[PDB]
Each structure stands twice: as structure tokens, then as C-alpha cells.
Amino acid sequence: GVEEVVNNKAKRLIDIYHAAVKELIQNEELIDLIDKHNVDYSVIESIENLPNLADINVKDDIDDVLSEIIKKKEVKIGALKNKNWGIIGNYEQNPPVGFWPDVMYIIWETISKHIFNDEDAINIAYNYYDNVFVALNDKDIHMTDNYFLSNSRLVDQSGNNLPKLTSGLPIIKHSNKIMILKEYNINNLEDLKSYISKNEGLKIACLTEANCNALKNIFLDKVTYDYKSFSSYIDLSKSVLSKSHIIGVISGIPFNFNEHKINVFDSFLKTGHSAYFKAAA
């Protein structure tokens, strides 16, 4: 009569990781970093149930991933290569710069101050791959970067699922805004739902797949979703103004169109970001 649980070698790594984020939210560092880079992200809303960093075992007695990190004073993080989103995160150079790299740095600086007694105790080693989830399942890395979507396809290059990979909390989110013509008298998600429920054959324009997904959760097959046809705000906007798509879904607004013609409201339908780990051998 035994509870035979999987040996998650990343369990303590995930917990101290979550505990650090909790501390970074308590000490205002994470939100300070968001303000410093002037990026439009929100931190995880509830931290009550997250582990307290002070409690977490930092001993290297456990036969797990964290003990390896501790002995070498180094963690290997995986990120997509040749990515450069400017201030949001530039990975064309190693070590990378920008918000998302800075997020990973302060997390491990915080972890270092608990396992050890200095922010620089543990070195961050970034490795770049085309498929990071393959490298993760192959133990080339201990972690993915935090910027990865919470809804990511955990698949190999063949396109088949990787069942041993797990995810941390969506510690950081960004919201999805909805732009629409004022003439429809719709300025909230509720009025939009009513309209979509009354009408058929409508189509939704999105700048990214994640934008359309946030709304797909709400509307299902009541509408068609187009995100491939748009590569910029100007493209997306042209389509809404041309009246071909009832709304445009987008995470940001570079500049404003006429107040009296266009409406933009925050649906508060969020897109989460999380790190991924290897939860089983």
C-alpha cells in the first residue's frame, strides 16, 4: 500500500523559483523592473499560496536538479535564437539584454541570496536553440526563459508532444486590447459578446496567434480567426477601418486613430508567460 509518486527532479527547482518570484513581488523589485523598462506587463495576482523562500531547503543532499545547480554555482537557461524584441528582450547577444533577461537575472540573484549569501553566487548561462523544448527534454538546459507562452506547444521537431515537460506559474502576463469602430456602440467585452451572439459570419483580425486565442476562449467557432494576414499595427488597423473584420485584437497601441471613429478597450483577457521544466526522467 504505497503512493508511488514520480521522481520530479525539478520540483525543488520550481519551488525555490516560485518562492523567489514571491519575494520579488514583496520587495517591489519586479514591478520596479517593469517600470524601468516601461513594459506593459502585470505580475501574478495571488502569491499567498506560493512557497516562502526562507523555508525552502537549500541543502545539496537531495538528488535533484537544484543540487546540480548548487554544486556548479551555475544554471543553464534555454531561449529561442536570433530573437530581438528591443527593450522587451534582445537575445542576438549573449548574455542577452532587456526586460525578460533582467527578469531571469533578478530571480536567480534572489535565489542566490538564499542558497548562498550574495546575488552573484550562481552564474546564469544562456544557451540558444531553435527548439528549446527539445533541449529541455534532453537535459541540455535546466530551464526555459520566462517569456514563453503559458499555452505553448510542448512538441519536438517532428511535431509530437513531449509528455515529461511541466510548467511553472504564469508569473507574468500581458493583456489583449480590442479595437473596434465606434459606430457599433460597443466599448466593452459584454457588449461585444451580445453582438457576436446576435450576428453570424463575422471575422476577427489579430496581430499574433496569441491575440486570437485569448478571444477564441470566449467565442469559440462563432467567428473566424485571422492572424496570419497581419504583420503590423497599421496592417491590423487598416482591416478594421476597411470594415472587413469586426474587431482587431492587439496587445498595444503605438498611436491613436480618430477618437470619434475608433474605440479601444482592454478586454482583460490575459496572455500568460511561464518557464518550463523537465518533470520526469
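All residue numbers are counted from 1 along the displayed sequence.
Remark: stretch with higher mean C-alpha B factor among 119-127 and 82-90 is 82-90. For the pair 72-80 and 193-201, the record assigns the higher mean C-alpha temperature factor to 193-201. Comparing C-alpha B-factors across 112, 146, 152, 208 in the deposited entry, the largest value falls on 152.
Highest CA B-factor among the listed residues (56, 47, 250, 34): 47. Among the modelled residues of its chain, residue 39 has a C-alpha B-factor that falls in the lowest third according to the deposited record. Per the PDB record, residue ranking by Cα B-factor puts residue 95 in the highest third of the chain. Residue 106: CA B factor in the lowest third of modelled residues in this chain (values from the PDB entry). Split the chain's modelled residues into thirds by C-alpha temperature factor. Residue 67 is in the middle one. In this PDB entry, the Cα temperature factor of residue 175 sits in the bottom third of its chain's modelled residues, the lowest group.
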